[PDB]
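Here's structure_23.cif, which has mmCIF, C-alpha atoms:
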```
data_target
#
loop_
_atom_site.label_atom_id
_atom_site.label_comp_id
_atom_site.auth_asym_id
_atom_site.auth_seq_id
_atom_site.Cartn_x
_atom_site.Cartn_y
_atom_site.Cartn_z
CA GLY A 1 38.04 -63.39 -4.87
CA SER A 2 40.87 -65.87 -5.37
CA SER A 3 38.36 -68.24 -6.97
CA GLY A 4 35.51 -67.43 -9.35
CA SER A 5 34.36 -70.16 -11.73
CA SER A 6 35.04 -73.19 -9.52
CA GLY A 7 32.26 -73.39 -6.95
CA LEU A 8 28.90 -73.81 -8.69
CA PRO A 9 25.62 -74.18 -6.76
CA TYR A 10 24.30 -77.65 -5.94
CA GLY A 11 22.35 -78.86 -8.96
CA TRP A 12 24.24 -77.15 -11.77
CA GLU A 13 27.11 -78.68 -13.74
CA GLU A 14 29.55 -77.01 -16.14
CA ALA A 15 30.63 -79.27 -18.99
CA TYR A 16 32.38 -78.92 -22.35
CA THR A 17 31.62 -79.96 -25.92
CA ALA A 18 33.72 -81.96 -28.39
CA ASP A 19 34.94 -78.58 -29.64
CA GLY A 20 35.96 -77.13 -26.29
CA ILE A 21 33.22 -74.63 -25.48
CA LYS A 22 31.74 -74.70 -21.98
CA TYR A 23 28.08 -74.62 -20.96
CA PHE A 24 26.00 -74.82 -17.78
CA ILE A 25 23.44 -77.59 -17.35
CA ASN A 26 21.15 -78.43 -14.44
CA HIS A 27 20.14 -81.90 -13.23
CA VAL A 28 17.07 -80.91 -11.22
CA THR A 29 15.61 -78.87 -14.08
CA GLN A 30 17.46 -80.70 -16.85
CA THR A 31 17.93 -77.39 -18.67
CA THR A 32 20.83 -76.25 -20.85
CA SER A 33 21.95 -72.63 -20.50
CA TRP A 34 25.12 -70.54 -20.70
CA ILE A 35 25.57 -68.60 -17.46
CA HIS A 36 27.35 -68.49 -14.10
CA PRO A 37 24.76 -69.00 -11.33
CA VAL A 38 26.94 -67.93 -8.40
CA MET A 39 26.60 -65.31 -5.67
CA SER A 40 29.15 -63.85 -3.26
#
```
Would it be possible to restate this file's structure as structure tokens?
Amino acid sequence: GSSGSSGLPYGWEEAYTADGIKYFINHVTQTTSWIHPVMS
């Protein structure tokens, strides 16, 4: 799988904090969680 991270499902959005860490947040559910919602 050439790619892995890039390619999240419609609705989710991976952002970063002022420190650098990365987290996953949804817009439809407006929920903050740390995971990789992706299936191959």
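Comparing the minimum interatomic distances between residue 8 (chain A) and each of A:21, A:31, A:26, A:38, counting only C-alpha atoms, we find that A:38 sits nearest.
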Gap from CA of residue 27 (chain A) to CA of residue 10 (chain A) - Å, one decimal: 9.4 Å
Interatomic distance (Å, one decimal) between CA of residue 13 (chain A) and CA of residue 25 (chain A): 5.3 Å
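The smallest atom-to-atom distance between residue 34 (chain A) and any of A:17, A:4, A:22, A:12, using all atoms listed in the file, is found for A:22.
Taking CA of residue 32 (chain A) and CA of residue 1 (chain A) as endpoints, the distance between them is 26.8 Å.
Closest approach to residue 39 (chain A) from the set A:23, A:2, A:16, A:7 is made by A:7, with distances taken over only C-alpha atoms.
Proximity to residue 40 (chain A) was assessed for A:9, A:28, A:14, A:20 counting all atoms listed in the file; the smallest distance is recorded for A:9.
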With N, CA and C atoms as the goal, would you fill in the gaps in region 9-25 of chain A and present it as a JSON list (two decimals), in the coordinates of the input?
```
[["chain", "number", "residue", "atom", "x", "y", "z"],
["A", 9, "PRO", "N", 26.68, -73.80, -7.70],
["A", 9, "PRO", "CA", 25.62, -74.18, -6.76],
["A", 9, "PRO", "C", 25.15, -75.62, -6.97],
["A", 10, "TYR", "N", 24.76, -76.27, -5.88],
["A", 10, "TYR", "CA", 24.30, -77.65, -5.94],
["A", 10, "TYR", "C", 23.16, -77.80, -6.94],
["A", 11, "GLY", "N", 23.37, -78.65, -7.94],
["A", 11, "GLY", "CA", 22.35, -78.86, -8.96],
["A", 11, "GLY", "C", 22.85, -78.56, -10.35],
["A", 12, "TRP", "N", 23.69, -77.54, -10.48],
["A", 12, "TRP", "CA", 24.24, -77.15, -11.77],
["A", 12, "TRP", "C", 25.54, -77.90, -12.06],
["A", 13, "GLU", "N", 25.89, -77.99, -13.33],
["A", 13, "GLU", "CA", 27.11, -78.68, -13.74],
["A", 13, "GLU", "C", 27.67, -78.09, -15.03],
["A", 14, "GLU", "N", 28.90, -77.60, -14.97],
["A", 14, "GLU", "CA", 29.55, -77.01, -16.14],
["A", 14, "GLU", "C", 30.35, -78.05, -16.91],
["A", 15, "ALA", "N", 29.95, -78.30, -18.15],
["A", 15, "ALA", "CA", 30.63, -79.27, -18.99],
["A", 15, "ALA", "C", 31.17, -78.62, -20.26],
["A", 16, "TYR", "N", 31.82, -79.42, -21.10],
["A", 16, "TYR", "CA", 32.38, -78.92, -22.35],
["A", 16, "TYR", "C", 31.98, -79.80, -23.52],
["A", 17, "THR", "N", 31.99, -79.23, -24.72],
["A", 17, "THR", "CA", 31.62, -79.96, -25.92],
["A", 17, "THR", "C", 32.85, -80.55, -26.60],
["A", 18, "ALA", "N", 32.63, -81.34, -27.65],
["A", 18, "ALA", "CA", 33.72, -81.96, -28.39],
["A", 18, "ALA", "C", 34.65, -80.91, -28.99],
["A", 19, "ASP", "N", 34.15, -79.67, -29.08],
["A", 19, "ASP", "CA", 34.94, -78.58, -29.64],
["A", 19, "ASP", "C", 35.80, -77.93, -28.57],
["A", 20, "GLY", "N", 35.23, -77.74, -27.38],
["A", 20, "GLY", "CA", 35.96, -77.13, -26.29],
["A", 20, "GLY", "C", 35.12, -76.16, -25.49],
["A", 21, "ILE", "N", 34.11, -75.58, -26.14],
["A", 21, "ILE", "CA", 33.22, -74.63, -25.48],
["A", 21, "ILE", "C", 32.69, -75.19, -24.17],
["A", 22, "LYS", "N", 32.27, -74.30, -23.28],
["A", 22, "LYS", "CA", 31.74, -74.70, -21.98],
["A", 22, "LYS", "C", 30.33, -74.17, -21.78],
["A", 23, "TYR", "N", 29.46, -75.00, -21.21],
["A", 23, "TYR", "CA", 28.08, -74.62, -20.96],
["A", 23, "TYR", "C", 27.62, -75.08, -19.58],
["A", 24, "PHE", "N", 26.54, -74.47, -19.09],
["A", 24, "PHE", "CA", 26.00, -74.82, -17.78],
["A", 24, "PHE", "C", 24.69, -75.59, -17.92],
["A", 25, "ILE", "N", 24.63, -76.76, -17.30],
["A", 25, "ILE", "CA", 23.44, -77.59, -17.35],
["A", 25, "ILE", "C", 23.00, -78.02, -15.96]]
```
